[PDB]
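Student: Once you've seen the sequence and the experimental structure below, I've got questions.
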Amino acid sequence: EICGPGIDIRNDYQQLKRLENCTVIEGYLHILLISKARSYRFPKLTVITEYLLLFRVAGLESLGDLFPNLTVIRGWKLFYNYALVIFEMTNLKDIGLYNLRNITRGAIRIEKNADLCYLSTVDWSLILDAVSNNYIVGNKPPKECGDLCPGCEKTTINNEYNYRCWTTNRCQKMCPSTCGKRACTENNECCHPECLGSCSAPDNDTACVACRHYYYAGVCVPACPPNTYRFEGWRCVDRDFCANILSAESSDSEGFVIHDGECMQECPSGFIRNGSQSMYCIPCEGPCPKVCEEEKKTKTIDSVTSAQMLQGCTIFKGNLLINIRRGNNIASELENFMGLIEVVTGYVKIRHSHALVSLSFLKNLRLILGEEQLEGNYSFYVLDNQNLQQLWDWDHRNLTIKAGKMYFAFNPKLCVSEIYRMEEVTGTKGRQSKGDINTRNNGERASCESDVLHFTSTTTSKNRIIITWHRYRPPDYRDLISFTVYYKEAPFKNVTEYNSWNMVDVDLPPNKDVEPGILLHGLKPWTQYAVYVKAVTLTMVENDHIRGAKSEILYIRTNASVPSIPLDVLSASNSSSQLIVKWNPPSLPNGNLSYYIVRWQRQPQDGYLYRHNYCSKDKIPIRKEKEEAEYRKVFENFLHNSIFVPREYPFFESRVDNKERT
Amino acid sequence: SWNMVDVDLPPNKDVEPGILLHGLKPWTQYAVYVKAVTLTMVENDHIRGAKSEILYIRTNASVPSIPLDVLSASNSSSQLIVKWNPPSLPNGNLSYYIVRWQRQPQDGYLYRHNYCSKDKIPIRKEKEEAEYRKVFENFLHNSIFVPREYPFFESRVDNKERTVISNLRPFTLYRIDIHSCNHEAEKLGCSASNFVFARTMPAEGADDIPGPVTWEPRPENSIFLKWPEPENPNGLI
Amino acid sequence: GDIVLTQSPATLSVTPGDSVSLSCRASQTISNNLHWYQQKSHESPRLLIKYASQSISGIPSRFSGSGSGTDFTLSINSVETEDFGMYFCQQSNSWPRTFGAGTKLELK
Amino acid sequence: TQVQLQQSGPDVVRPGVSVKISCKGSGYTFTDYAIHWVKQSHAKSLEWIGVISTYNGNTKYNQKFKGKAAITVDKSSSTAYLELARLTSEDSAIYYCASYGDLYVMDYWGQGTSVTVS
Ligand SMILES: *[C@@H]1O[C@H](CO)[C@@H](O[C@@H]2O[C@H](CO)[C@@H](O)[C@H](O)[C@H]2NC(C)=O)[C@H](O)[C@H]1NC(C)=O
Ligand SMILES: *[C@@H]1O[C@H](CO)[C@@H](O[C@@H]2O[C@H](CO)[C@@H](O)[C@H](O)[C@H]2NC(C)=O)[C@H](O)[C@H]1NC(C)=O
Ligand SMILES: *[C@@H]1O[C@H](CO)[C@@H](O[C@@H]2O[C@H](CO)[C@@H](O)[C@H](O)[C@H]2NC(C)=O)[C@H](O)[C@H]1NC(C)=O
Ligand SMILES: *[C@@H]1O[C@H](CO)[C@@H](O)[C@H](O)[C@H]1NC(C)=O
Ligand SMILES: *[C@@H]1O[C@H](CO)[C@@H](O)[C@H](O)[C@H]1NC(C)=O
Ligand SMILES: *[C@@H]1O[C@H](CO)[C@@H](O)[C@H](O)[C@H]1NC(C)=O
Ligand SMILES: *[C@@H]1O[C@H](CO)[C@@H](O)[C@H](O)[C@H]1NC(C)=O
């Protein structure tokens, strides 16, 4: 009688009756918030896969009162690396599991049991493996307990040797030395190697309380027979069993898969279901496609959590509604979730997305169908995006809208030419109406074609950079002109335009012979900075030809300086006449490390020592809130005024060209 | 740090535009106001928006959390002081606490063993464990406490998080159940209990002989010493 | 969306002894995940053909399935006086499971 | 083989009432096979409405019947149940119990339960 896949008994103490017939509990067992008010005893139960949890059970004095024959807790799935949790159990006096033999996986958590004795009387080192990670705190103090086994055997705990027992009447059962890793019957006759725990009969597959590997047809097999597959982690089932198993109900819930001789819930990472919902997984090349299916026909992306549900999807069976008013780093965060979406079965609506200046986060999206379209047969519908400068329609990208039209309205920063280039790749030239794309309220503030600002001279220090660009006469004589310098620390050159950019506004100088420049204040020595200037053309006469000026992203690295001292010098001696020494690279290298230079000087044997008469002494010497980081910083600042130019006891000098060890 | 959501005007003219807010903290005042988005096909003339007043809506109250970190000591016999911290999620006005103390029986056996043979006689006076303890706090929601072998004594603490228990048996263990209620706990039900165990101070001079020792000669060269038993010992002689 | 199974013709007037063939076409491609069922009058439908072609132990040799992909056919070599009923095809590759409209095999 | 499925008797109930249909397994391991439910009316013909896995207890419904049907199981009694609330004249049909197969095929079928809404 297998019970599962999870027993959760709580509140009602009579609800414990669900264990009348269970001999094995497939899955965890929860006995919580029970208030006992005749007793209940379950000698049928012997094995529990996964873990066992007990919490706030009043009236229960010993665990032997419930599960006396419990032998193996497999711990296939653990409660936070714990296979047995006994927490806040009142009236409990001892762990009465006197038939417990092997806990295959996980640790034990025994906490807050003011009456729990017989803890030190149990040698947990022979029933489980990871005894180091066990948690036994807050129980009855051993000083005020009084553990006394009836009157059995005993063994060594640390350097101590004391008796072992589970309760006041039963002792801790052990196996003789001759069986080794094997198991033993109550009468100390070795159990079949594939057995585990006890035996109904010595050396027999069909006489086992619990198998150590797997189970099938009453036999403890090492591996499952050829036509059976591993289910959970203890028994073998046939193929027709897993064709009837159904996972937890979800939007895309399906049956179980057969893979690598195991019957699991979903195909593992790097695998996809062969065919159409078949029982077997096939290796998928590179990235494995995850089609995402949702109950809501129109998924609305109005926050950052809503986008997390589309993480890793390749195809979307539904409609996408983007509505992003707020968000700083969402331009790169949406690309994490939606960057792999390639096909959309429905339509895409970009409404009120003021935070989006572009749609580049929708990478790999190359197909939009039109199974359902907005009123008026629209498959692409943007509206009221006060900052949408460009689409994701770079001339490198690919796109195909199968059916539907495109409507654009109230997008002022979007150049009207960009959406004409869209329907080229989209393939909907002439399919839209005359009002679907209008130059009114669209591209009103757009500055499409821009000029080029040319840098003229750059000068570098260890912390300052002077850069000057050419004077820029605006396209119209009456425009007021000003500049804006964008500079930010960029370790490498792949940089996106404005974002943690530092900005400063410098005006065009009055004298026409001097060109506009800017001086940067405090920069890190030897650090590559990305700089580009942008013009501010305030046109008194609006539109006609809105024309800005933008420069290329210039990468300027400051000079190098004196490096920092090496960090944490440690040294040891593995042999006489030899000294190993390791360290860490300095805090502020300020350039390429190139090499280290180490020096070792012999130290004189201590003064005096030769002088004292050590036959009179009794001991002769031998030899082998927290702002302290700011304190140590002061002493590192002192080491800048003194450097080292390389070339009684003499110094020996050697160069280490690569590693931090010598 | 405003949370924003866009709801459209409903198509049917008889139903008025509304919005449903998803997951909010129980008993929490929220500032809400709606703003209209008027996309004018004809620009300017009279740019006119619509804005509402800032409406403050507080959600309902719920079952409180268990009191935090119950500590107890004994400054005198028949007295027990005990302090705690307000619950993590009160979900309303705390109003008062309700504490219960139950006498614990002196340990089973102990009376049974012959302690003249023993050598030691007993006496008495990376880190995700917050997520682990959260699971056990979630369990305490399905069971509440409706207020009104050893009997429970029940007292209400109306203000502070400290209280002193009176009239106790000296050197006896006590189960101290502490709950946390709120202003709506008379219908929602008062919270679960975070309990602790504490023993009182020993009654000074109560475990010595209360009378004189008498002797009577008996057969062989024997003497029978007779003395009275201490009526009220500290725990047990 | 769902998968619709269109069974044509809706009714076949047959004389006992004639060989007939039923057809069940699908919207999307089903490859192999199609099954057949026979339902006589005032009975429950019983399985005839698993996975488009392979037959069931018990059903007579007259019933045979064919097709793979989008067009599937059920053949009956010599209809008997017992085979007069209504026949369905079952979709089985994508949720939800859907059936055909049904083809009645009545007496001509 | 001795496999058989026995469903509850016919029902004739007024509109707006809730009803549930039983289906007891026999001659087979009840926990090893899922149970499907199929609605056969005059219109729409055979409509698969849901399947329940007898092992774990999880279900999968047809979206046309999620807010209308509810499939439960009884491991001890070896019986499944198909609940139907706010019954309409449309729901007046014969419902079938199917098992002894898998999530893909319905090998054996129960005799059917006639629900008539007056
Ligand atoms: C409980 O039984 C399990 C399985 O029988 C034991 O797991 C063994 O763990 C060691 C660790 O290195 C492996 O080398 C063995 O191969 C495992 N056994 C098997 C059969 O594969 C576990 O040691 C047992 N624990 C105790 C306390 O006896
Ligand atoms: C920062 O580095 C630049 C070179 O990248 C230095 O410019 C050189 O200065 C030396 C002066 O000793 C001249 O001999 C070189 O001809 C200069 N090279 C170039 C390309 O101009 C600059 O001096 C460094 N800054 C400081 C403060 O030393
Ligand atoms: C949340 O609080 C409101 C009151 O602020 C509750 O509304 C009351 O509900 C009770 C039902 O027992 C009625 O008797 C009262 O007349 C209601 N008062 C008002 C002003 O409407 C509301 O029920 C509470 N929410 C929940 C879930 O209990
Ligand atoms: C357990 O076994 C008994 C027979 O001893 C049976 O009557 C009962 O239905 C079974 N199941 C439960 C949950 O008790
Ligand atoms: C730039 O390229 C480097 C290395 O190729 C990579 O680590 C970094 O994430 C890239 N950054 C951007 C913004 O592309
Ligand atoms: C510093 O190291 C980088 C990385 O190898 C190299 O590209 C660069 O040229 C080096 N700089 C100098 C001055 O050698
Ligand atoms: C809760 O306490 C606040 C502060 O004293 C008070 O203003 C409010 O009225 C109280 N609520 C109730 C329901 O008594």
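Tutor: Yes, it's here. Numbers count the residues shown, from 1 in each chain, chains lettered A, B, ... in the order given. Ligands and ions are numbered 1, 2, ... in the order given.
Student: And the residue of the stretch 401-550 of chain A found nearest chain B, how far from residue B:39?
Tutor: At 5.2 Å from chain B, residue A:410 is the closest residue in the stretch 401-550 of chain A, using CB to the nearest CB. From N, CA and C alone the C-beta is placed, and that goes for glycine too. Using CB to CB, to the nearest Å, residue A:410 is found at 5 Å from residue B:39.
Student: neighbour-wise, which of the two wins?
Tutor: residue A:410 (20 against 9; other CB atoms under 10 Å in any protein chain shown).
Student: Run a quick check on the more buried one versus residue A:440, I expect a contact.
Tutor: No - here residue A:410 does not reach residue A:440: they are 9.7 Å apart, not a contact under CB atoms under 8 Å.
Student: What segments of the chain are helices?
Tutor: Picking chain A for this. Ranges of helices in chain A, per DSSP state H, are A:239-242, A:305-308, A:330-337, A:416-426, A:628-638.
Student: other chain: chain B
Tutor: For chain B, the helices defined by DSSP H occupy B:129-139, B:185-188.
Student: So which bits of the longest one are buried?
Tutor: What it means is helix B:129-139. Under the neighbour-count criterion of 16 or more other CB atoms under 10 Å in any protein chain shown, helix B:129-139 has B:132, B:136, B:139 buried.
Student: So which of those residues reach chain A?
Tutor: Applying CB under 8 Å from any CB of the partner chain to those, one finds that B:132, B:136, B:139 fall near chain A.
Student: As a markdown table, the buried residues of helix B:129-139 with distance to residue B:44 would be great.
Tutor: Shown next, in a markdown table, are the buried residues of helix B:129-139 (distance: CB to CB, whole Å):
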| residue | distance to residue B:44 |
| --- | --- |
| B:132 | 62 |
| B:136 | 63 |
| B:139 | 62 |
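Student: show me the contacts for residue B:84.
Tutor: With contacts defined as CB atoms under 8 Å, 6 or more residues apart in numbering or on different chains, residue B:84 is in contact with B:67-71, B:97, B:161, B:178, B:194.
Student: Please report the distance of the residue lying closest to residue A:266 once chain neighbours are set aside from chain B.
Tutor: Counting by CB to CB, 6 or more residues apart in numbering or on different chains, residue A:257 is the residue found nearest to residue A:266 once chain neighbours are left out, at 6.5 Å. According to CB to the nearest CB, to the nearest Å, residue A:257 stands 30 Å off from chain B.
Student: For chain D, which segments are assigned as strands?
Tutor: Remark: strands assigned in chain D by DSSP state E are D:4-7, D:11-13, D:19-26, D:35-40, D:46-52, D:59-61, D:69-74, D:79-84, D:93-99, D:108-109, D:113-117.
Student: likewise chain B?
Tutor: For chain B, the strands defined by DSSP E occupy B:29-32, B:55-58, B:68-73, B:79-85, B:97-103, B:152-157, B:162-166, B:173-180, B:196-199, B:214-218, B:222-226.
Student: Contacts for the longest one, please.
Tutor: Okay, so that is strand B:173-180. A:90, B:64-67, B:70, B:72, B:80, B:82, B:84, B:86-87, B:90, B:94, B:97-104, B:106, B:145, B:147, B:152, B:165, B:168, B:190-200.
Student: Buried residues in stretch B:227-237, which are they?
Tutor: Neighbour counts over stretch B:227-237 (16+ other CB under 10 Å) mark B:234-235 as buried.
Student: Leaving out sequence neighbours, find the closest residue to the closest residue to ligand 4 within the stretch 401-550 of chain A.
Tutor: Ranked by CB to the nearest ligand atom, the top residue of the stretch 401-550 of chain A for proximity to ligand 4 is residue A:402, at 55.8 Å. Spatially, and ignoring its direct neighbours in sequence, residue A:402 is nearest to residue A:369 (4.6 Å; CB to CB, 6+ apart).
Student: List the residues that contact the residue nearest the centre of chain D.
Tutor: Per CA atoms, centre = their mean, the C-alpha nearest to the average position across chain D is that of residue D:37, at 3.7 Å. Applying CB under 8 Å, 6+ apart, we find residue D:37 in contact with D:48-51, D:69, D:71, D:80, D:82, D:95-98.
Student: let's go with 6 Å and repeat that
Tutor: D:49-50, D:82 (CB atoms under 6 Å, 6 or more residues apart in numbering or on different chains).
Student: any chance of these in TSV, plus neighbour count?
Tutor: Below are those laid out as TSV (neighbours: other CB atoms under 10 Å in any protein chain shown):
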residue	neighbour count
D:49	22
D:50	21
D:82	27
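Student: Flag every residue of chain B that's near chain A.
Tutor: Contacts of chain B with chain A, taken as CB under 6 Å from any CB of the partner chain, map to B:4-6, B:39, B:122, B:124, B:132, B:139, B:143, B:197.
Student: burial count for the residue lying closest to residue A:600 once chain neighbours are set aside?
Tutor: Leaving aside its sequence neighbours, residue A:600 sits nearest to residue A:652 (CB to CB, 6+ apart; 5.6 Å). For residue A:652, the neighbour count with other CB under 10 Å is 10.
Student: before we move on, what about the one 10 residues further on?
Tutor: Applying the criterion other CB under 10 Å, we find 15 residues in the vicinity of residue A:662.
Student: show me what contacts it?
Tutor: By CB under 6 Å, 6+ apart, the residues touching residue A:662 are A:598, A:656.
Student: Could you measure from it over to ligand 5?
Tutor: Using CB to the nearest ligand atom, to the nearest Å, residue A:662 is found at 31 Å from ligand 5.
Student: Please tell me how far the spatially most distant residue from the centre of chain B sits from chain A.
Tutor: Most distant from the centre of chain B: residue B:45, at 64.9 Å, with distances by CA atoms, centre = their mean. Residue B:45 is 14 Å from chain A, where distance means CB to the nearest CB.
Student: how about that residue, phi and psi?
Tutor: Backbone torsions of residue B:45, given as degrees, to the nearest 10, read phi 50, psi -70.
Student: Now the residue in the stretch 351-500 of chain A that chain D sits nearest to. Nearest residue, chain neighbours left out?
Tutor: Closest to chain D within the stretch 351-500 of chain A is residue A:372: 15.4 Å, counting by CB to the nearest CB. Among residues not flanking residue A:372 along the chain, residue A:346 sits closest, at 4.8 Å (CB to CB, 6+ apart).
Student: Quick check, the one you found in contact with residue A:373.
Tutor: No - with contact defined as CB atoms under 6 Å, residue A:346 does not reach residue A:373; the gap is 7.7 Å.
Student: burial count for residue D:61?
Tutor: By the measure other CB under 10 Å, the count of residues near residue D:61 is 21.
Student: Sorry, slip of the keys, the one I care about is residue B:49.
Tutor: The local packing of residue B:49 (other CB under 10 Å) involves 8 other residues.
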